[PDB]
Amino acid sequence: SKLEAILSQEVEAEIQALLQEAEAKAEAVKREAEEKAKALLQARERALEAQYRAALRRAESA
Amino acid sequence: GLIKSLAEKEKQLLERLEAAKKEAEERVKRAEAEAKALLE
Amino acid sequence: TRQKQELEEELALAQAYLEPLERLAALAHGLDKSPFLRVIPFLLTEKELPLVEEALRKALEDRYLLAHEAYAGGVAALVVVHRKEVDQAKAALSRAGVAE
């Protein structure tokens, strides 16, 4: 029947959305990780470097 | 009536939809592993 | 006394209803089970059949299944529609004067 043609096209459009939606949210997740790590690796070097320059200073002052 | 015909097709479609859900939620769980690894 | 009364009623309705539900069921091969397809059973006499068919036809086109197997003096009938078509489908039978 004409009934199942419409049903086909319908169910399938949901199929396409599960997978695609999932990927884009995976990218968004991905993009979260990527930034978090980059900003962290910059930041934990930063603090150490300051504690270095200021450190040699404390030696020199000794 | 045709009915039966039309009453079988409605299962097949649905299980193609099923197949979609799994691989979908799985991709997020793939990226979940990666986020973890990538931060650790 | 109440129980007896109920019992009589149970018997009465069940026997009466036994035939139409059976005719519709035989046709229906399960479809109210489904949400993908929705089915509307309705009984109509063949007095009704060309008219009910015109009302249904006018709303539904060919995007419905009208099937019948007889009950005696009429046919137990199904209009089958897709989900989303349900609202139009009930209204069409109603216009004719038949209904689910």
# chains A, B, ... in the order shown; residues from 1 in each chain; ligands from 1

call {"tool": "residues_around", "arguments": {"residues": "residue 5 (chain A)", "least_positions_apart": "4", "cutoff": "12 Å", "atoms": "only C-alpha atoms", "output": "PDB file with N, CA and C atoms, in the first residue's frame"}}
result
ATOM      1  N   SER A   1       0.846  -1.217   0.000  1.00  0.00           N
ATOM      2  CA  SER A   1       0.000   0.000   0.000  1.00  0.00           C
ATOM      3  C   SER A   1       0.858   1.234   0.000  1.00  0.00           C
ATOM      4  N   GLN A   9       9.962   6.145   4.260  1.00  0.00           N
ATOM      5  CA  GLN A   9      10.598   7.434   4.167  1.00  0.00           C
ATOM      6  C   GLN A   9      10.657   8.081   5.527  1.00  0.00           C
ATOM      7  N   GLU A  10       9.604   7.868   6.358  1.00  0.00           N
ATOM      8  CA  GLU A  10       9.588   8.403   7.683  1.00  0.00           C
ATOM      9  C   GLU A  10      10.603   7.826   8.631  1.00  0.00           C
ATOM     10  N   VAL A  11      10.628   6.490   8.827  1.00  0.00           N
ATOM     11  CA  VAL A  11      11.507   5.799   9.758  1.00  0.00           C
ATOM     12  C   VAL A  11      12.947   6.056   9.473  1.00  0.00           C
ATOM     13  N   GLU A  12      13.259   6.007   8.182  1.00  0.00           N
ATOM     14  CA  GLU A  12      14.578   6.264   7.711  1.00  0.00           C
ATOM     15  C   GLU A  12      15.097   7.644   8.044  1.00  0.00           C
TER      16      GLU A  12
ATOM     17  N   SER B   5       0.955  -7.248   4.970  1.00  0.00           N
ATOM     18  CA  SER B   5       2.050  -6.751   4.160  1.00  0.00           C
ATOM     19  C   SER B   5       2.631  -5.560   4.821  1.00  0.00           C
ATOM     20  N   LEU B   6       1.683  -4.647   5.040  1.00  0.00           N
ATOM     21  CA  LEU B   6       1.846  -3.353   5.584  1.00  0.00           C
ATOM     22  C   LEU B   6       2.131  -3.483   7.071  1.00  0.00           C
ATOM     23  N   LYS B   9       6.367  -4.819   7.198  1.00  0.00           N
ATOM     24  CA  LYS B   9       7.230  -3.721   6.821  1.00  0.00           C
ATOM     25  C   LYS B   9       7.508  -2.747   7.937  1.00  0.00           C
ATOM     26  N   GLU B  10       6.501  -2.513   8.794  1.00  0.00           N
ATOM     27  CA  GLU B  10       6.581  -1.651   9.933  1.00  0.00           C
ATOM     28  C   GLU B  10       7.509  -2.121  11.018  1.00  0.00           C
ATOM     29  N   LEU B  13      11.630  -1.585   9.296  1.00  0.00           N
ATOM     30  CA  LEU B  13      11.981  -0.185   9.295  1.00  0.00           C
ATOM     31  C   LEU B  13      12.492   0.254  10.608  1.00  0.00           C
TER      32      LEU B  13
ATOM     33  N   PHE C  36       2.658   2.341  13.841  1.00  0.00           N
ATOM     34  CA  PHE C  36       3.101   2.705  12.510  1.00  0.00           C
ATOM     35  C   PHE C  36       1.900   2.740  11.622  1.00  0.00           C
ATOM     36  N   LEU C  37       1.108   1.661  11.704  1.00  0.00           N
ATOM     37  CA  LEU C  37      -0.201   1.671  11.158  1.00  0.00           C
ATOM     38  C   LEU C  37      -1.100   1.685  12.316  1.00  0.00           C
ATOM     39  N   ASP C  62      -5.851   7.136  -1.589  1.00  0.00           N
ATOM     40  CA  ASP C  62      -5.456   5.764  -1.742  1.00  0.00           C
ATOM     41  C   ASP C  62      -4.454   5.498  -0.670  1.00  0.00           C
ATOM     42  N   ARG C  63      -4.359   6.455   0.272  1.00  0.00           N
ATOM     43  CA  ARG C  63      -3.418   6.463   1.340  1.00  0.00           C
ATOM     44  C   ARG C  63      -4.078   5.847   2.529  1.00  0.00           C
ATOM     45  N   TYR C  64      -4.878   4.796   2.282  1.00  0.00           N
ATOM     46  CA  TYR C  64      -5.601   4.100   3.291  1.00  0.00           C
ATOM     47  C   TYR C  64      -5.933   2.798   2.670  1.00  0.00           C
ATOM     48  N   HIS C  82      -2.024   5.335   8.202  1.00  0.00           N
ATOM     49  CA  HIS C  82      -0.716   5.594   8.676  1.00  0.00           C
ATOM     50  C   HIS C  82      -0.905   6.445   9.856  1.00  0.00           C
TER      51      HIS C  82
END

call {"tool": "interface_residues", "arguments": {"of": "chain B", "to": "chain A", "cutoff": "7 Å", "atoms": "only C-alpha atoms", "output": "PyMOL selection string"}}
result
chain B and resi 6+13-14+17+20-21+23-25+27-28+31+35+38-39

call {"tool": "closest_atom_pairs", "arguments": {"of": "chain B", "to": "chain C", "cutoff": "9 Å", "atoms": "only C-alpha atoms", "output": "CSV"}}
result
residue,atom,partner,partner_atom,distance
B:1,CA,C:67,CA,5.0
B:2,CA,C:65,CA,7.3
B:3,CA,C:28,CA,6.6
B:4,CA,C:29,CA,5.7
B:6,CA,C:37,CA,7.8
B:7,CA,C:31,CA,6.5
B:10,CA,C:36,CA,6.1
B:11,CA,C:36,CA,8.9

call {"tool": "atom_distance", "arguments": {"atom1": "CA of residue 92 (chain C)", "atom2": "CA of residue 53 (chain C)"}}
result
9.2 Å

call {"tool": "select_by_dssp", "arguments": {"residues": "chain C", "states": "strand (DSSP E)", "output": "list in words"}}
result
residues 37, 38, 39, 40, 41, 42, 43, 44, 65, 66, 67, 68, 69, 70, 75, 76, 77, 78, 79, 80, 81 and 82 of chain C

call {"tool": "write_last_selection", "arguments": {"atoms": "N, CA, C and O atoms", "output": "PDB file, in the first residue's frame"}}
result
ATOM      1  N   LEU C  37       1.108   1.661  11.704  1.00  0.00           N
ATOM      2  CA  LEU C  37      -0.201   1.671  11.158  1.00  0.00           C
ATOM      3  C   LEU C  37      -1.100   1.685  12.316  1.00  0.00           C
ATOM      4  O   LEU C  37      -0.824   1.117  13.363  1.00  0.00           O
ATOM      5  N   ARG C  38      -2.226   2.346  12.100  1.00  0.00           N
ATOM      6  CA  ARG C  38      -3.321   2.471  12.991  1.00  0.00           C
ATOM      7  C   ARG C  38      -4.432   1.882  12.223  1.00  0.00           C
ATOM      8  O   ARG C  38      -4.451   1.980  11.000  1.00  0.00           O
ATOM      9  N   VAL C  39      -5.393   1.249  12.908  1.00  0.00           N
ATOM     10  CA  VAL C  39      -6.502   0.663  12.225  1.00  0.00           C
ATOM     11  C   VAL C  39      -7.679   1.131  12.980  1.00  0.00           C
ATOM     12  O   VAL C  39      -7.609   1.526  14.142  1.00  0.00           O
ATOM     13  N   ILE C  40      -8.763   1.250  12.212  1.00  0.00           N
ATOM     14  CA  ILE C  40      -9.994   1.732  12.667  1.00  0.00           C
ATOM     15  C   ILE C  40     -10.837   0.639  12.144  1.00  0.00           C
ATOM     16  O   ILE C  40     -11.044   0.494  10.954  1.00  0.00           O
ATOM     17  N   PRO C  41     -11.430  -0.090  13.026  1.00  0.00           N
ATOM     18  CA  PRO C  41     -12.462  -1.025  12.702  1.00  0.00           C
ATOM     19  C   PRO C  41     -13.718  -0.284  12.703  1.00  0.00           C
ATOM     20  O   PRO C  41     -13.830   0.651  13.471  1.00  0.00           O
ATOM     21  N   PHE C  42     -14.684  -0.722  11.913  1.00  0.00           N
ATOM     22  CA  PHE C  42     -15.983  -0.179  12.010  1.00  0.00           C
ATOM     23  C   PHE C  42     -16.782  -1.171  11.278  1.00  0.00           C
ATOM     24  O   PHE C  42     -16.295  -1.831  10.369  1.00  0.00           O
ATOM     25  N   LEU C  43     -18.070  -1.247  11.623  1.00  0.00           N
ATOM     26  CA  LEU C  43     -18.970  -2.153  10.993  1.00  0.00           C
ATOM     27  C   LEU C  43     -19.766  -1.267  10.129  1.00  0.00           C
ATOM     28  O   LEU C  43     -20.149  -0.172  10.538  1.00  0.00           O
ATOM     29  N   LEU C  44     -20.086  -1.743   8.926  1.00  0.00           N
ATOM     30  CA  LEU C  44     -21.004  -1.028   8.113  1.00  0.00           C
ATOM     31  C   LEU C  44     -21.773  -2.075   7.406  1.00  0.00           C
ATOM     32  O   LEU C  44     -21.259  -3.156   7.141  1.00  0.00           O
ATOM     33  N   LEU C  65      -6.290   1.832   3.523  1.00  0.00           N
ATOM     34  CA  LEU C  65      -6.671   0.528   3.090  1.00  0.00           C
ATOM     35  C   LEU C  65      -8.060   0.416   3.613  1.00  0.00           C
ATOM     36  O   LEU C  65      -8.280   0.577   4.805  1.00  0.00           O
ATOM     37  N   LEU C  66      -9.025   0.078   2.735  1.00  0.00           N
ATOM     38  CA  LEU C  66     -10.368  -0.197   3.149  1.00  0.00           C
ATOM     39  C   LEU C  66     -10.512  -1.636   2.789  1.00  0.00           C
ATOM     40  O   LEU C  66     -10.450  -1.980   1.611  1.00  0.00           O
ATOM     41  N   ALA C  67     -10.726  -2.515   3.792  1.00  0.00           N
ATOM     42  CA  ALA C  67     -10.922  -3.922   3.546  1.00  0.00           C
ATOM     43  C   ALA C  67     -12.098  -4.349   4.338  1.00  0.00           C
ATOM     44  O   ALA C  67     -12.334  -3.828   5.427  1.00  0.00           O
ATOM     45  N   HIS C  68     -12.834  -5.358   3.830  1.00  0.00           N
ATOM     46  CA  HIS C  68     -13.919  -5.901   4.575  1.00  0.00           C
ATOM     47  C   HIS C  68     -14.079  -7.356   4.292  1.00  0.00           C
ATOM     48  O   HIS C  68     -13.742  -7.847   3.220  1.00  0.00           O
ATOM     49  N   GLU C  69     -14.599  -8.064   5.298  1.00  0.00           N
ATOM     50  CA  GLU C  69     -14.954  -9.446   5.319  1.00  0.00           C
ATOM     51  C   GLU C  69     -16.258  -9.305   6.030  1.00  0.00           C
ATOM     52  O   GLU C  69     -16.443  -8.370   6.801  1.00  0.00           O
ATOM     53  N   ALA C  70     -17.261 -10.129   5.661  1.00  0.00           N
ATOM     54  CA  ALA C  70     -18.620  -9.862   6.044  1.00  0.00           C
ATOM     55  C   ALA C  70     -18.885 -10.344   7.418  1.00  0.00           C
ATOM     56  O   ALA C  70     -18.150 -11.192   7.896  1.00  0.00           O
ATOM     57  N   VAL C  75     -20.546  -5.922   6.517  1.00  0.00           N
ATOM     58  CA  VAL C  75     -19.202  -6.359   6.530  1.00  0.00           C
ATOM     59  C   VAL C  75     -18.492  -5.666   7.595  1.00  0.00           C
ATOM     60  O   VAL C  75     -18.682  -4.479   7.837  1.00  0.00           O
ATOM     61  N   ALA C  76     -17.670  -6.431   8.339  1.00  0.00           N
ATOM     62  CA  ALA C  76     -16.852  -5.817   9.326  1.00  0.00           C
ATOM     63  C   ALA C  76     -15.741  -5.264   8.519  1.00  0.00           C
ATOM     64  O   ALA C  76     -15.279  -5.905   7.590  1.00  0.00           O
ATOM     65  N   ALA C  77     -15.413  -4.000   8.769  1.00  0.00           N
ATOM     66  CA  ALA C  77     -14.564  -3.247   7.904  1.00  0.00           C
ATOM     67  C   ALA C  77     -13.478  -2.652   8.678  1.00  0.00           C
ATOM     68  O   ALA C  77     -13.594  -2.418   9.868  1.00  0.00           O
ATOM     69  N   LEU C  78     -12.368  -2.410   7.990  1.00  0.00           N
ATOM     70  CA  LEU C  78     -11.260  -1.720   8.539  1.00  0.00           C
ATOM     71  C   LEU C  78     -10.923  -0.634   7.583  1.00  0.00           C
ATOM     72  O   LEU C  78     -10.893  -0.849   6.379  1.00  0.00           O
ATOM     73  N   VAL C  79     -10.532   0.525   8.128  1.00  0.00           N
ATOM     74  CA  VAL C  79      -9.911   1.585   7.413  1.00  0.00           C
ATOM     75  C   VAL C  79      -8.653   1.514   8.167  1.00  0.00           C
ATOM     76  O   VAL C  79      -8.647   1.324   9.374  1.00  0.00           O
ATOM     77  N   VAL C  80      -7.546   1.564   7.436  1.00  0.00           N
ATOM     78  CA  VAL C  80      -6.238   1.457   7.991  1.00  0.00           C
ATOM     79  C   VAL C  80      -5.631   2.706   7.555  1.00  0.00           C
ATOM     80  O   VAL C  80      -5.745   3.053   6.383  1.00  0.00           O
ATOM     81  N   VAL C  81      -4.889   3.358   8.456  1.00  0.00           N
ATOM     82  CA  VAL C  81      -4.226   4.530   8.044  1.00  0.00           C
ATOM     83  C   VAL C  81      -2.911   4.490   8.721  1.00  0.00           C
ATOM     84  O   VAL C  81      -2.674   3.794   9.698  1.00  0.00           O
ATOM     85  N   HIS C  82      -2.024   5.335   8.202  1.00  0.00           N
ATOM     86  CA  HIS C  82      -0.716   5.594   8.676  1.00  0.00           C
ATOM     87  C   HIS C  82      -0.905   6.445   9.856  1.00  0.00           C
ATOM     88  O   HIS C  82      -1.869   7.196   9.937  1.00  0.00           O
TER      89      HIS C  82
END

call {"tool": "decode", "arguments": {"residues": "region 4-23 of chain B", "atoms": "N, CA and C atoms", "output": "compact mmCIF listing (two decimals), in the first residue's frame"}}
result
# COMPACT_ATOMS: atom_id res chain seq x y z
N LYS B 4 -1.56 -7.17 6.45
CA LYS B 4 -0.43 -7.99 6.80
C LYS B 4 0.91 -7.54 6.29
N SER B 5 0.96 -7.25 4.97
CA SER B 5 2.05 -6.75 4.16
C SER B 5 2.63 -5.56 4.82
N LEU B 6 1.68 -4.65 5.04
CA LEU B 6 1.85 -3.35 5.58
C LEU B 6 2.13 -3.48 7.07
N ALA B 7 1.82 -4.66 7.67
CA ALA B 7 1.97 -4.97 9.07
C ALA B 7 3.22 -5.76 9.35
N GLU B 8 4.12 -5.92 8.35
CA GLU B 8 5.40 -6.59 8.50
C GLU B 8 6.51 -5.60 8.30
N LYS B 9 6.37 -4.82 7.20
CA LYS B 9 7.23 -3.72 6.82
C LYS B 9 7.51 -2.75 7.94
N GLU B 10 6.50 -2.51 8.79
CA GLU B 10 6.58 -1.65 9.93
C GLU B 10 7.51 -2.12 11.02
N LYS B 11 8.00 -3.38 10.93
CA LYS B 11 8.91 -3.94 11.90
C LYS B 11 10.28 -3.77 11.34
N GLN B 12 10.51 -4.17 10.08
CA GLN B 12 11.80 -4.03 9.43
C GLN B 12 12.43 -2.64 9.54
N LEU B 13 11.63 -1.59 9.30
CA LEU B 13 11.98 -0.19 9.30
C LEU B 13 12.49 0.25 10.61
N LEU B 14 11.72 -0.15 11.61
CA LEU B 14 11.89 0.08 13.00
C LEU B 14 13.20 -0.47 13.48
N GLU B 15 13.66 -1.60 12.93
CA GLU B 15 14.84 -2.29 13.39
C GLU B 15 16.05 -1.76 12.68
N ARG B 16 15.82 -1.01 11.59
CA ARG B 16 16.83 -0.23 10.94
C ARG B 16 17.01 1.03 11.73
N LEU B 17 15.92 1.52 12.34
CA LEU B 17 15.97 2.59 13.28
C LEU B 17 16.72 2.25 14.54
N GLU B 18 16.47 1.05 15.11
CA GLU B 18 17.21 0.47 16.21
C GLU B 18 18.69 0.54 15.97
N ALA B 19 19.13 -0.01 14.81
CA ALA B 19 20.51 -0.10 14.40
C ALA B 19 21.20 1.24 14.39
N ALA B 20 20.41 2.30 14.08
CA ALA B 20 20.83 3.67 14.08
C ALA B 20 21.14 4.13 15.48
N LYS B 21 20.23 3.88 16.45
CA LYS B 21 20.40 4.32 17.83
C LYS B 21 21.69 3.86 18.45
N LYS B 22 22.04 2.58 18.20
CA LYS B 22 23.18 1.98 18.82
C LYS B 22 24.43 2.60 18.32
N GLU B 23 24.71 2.51 17.01
CA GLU B 23 25.87 3.14 16.45
C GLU B 23 25.99 4.62 16.75
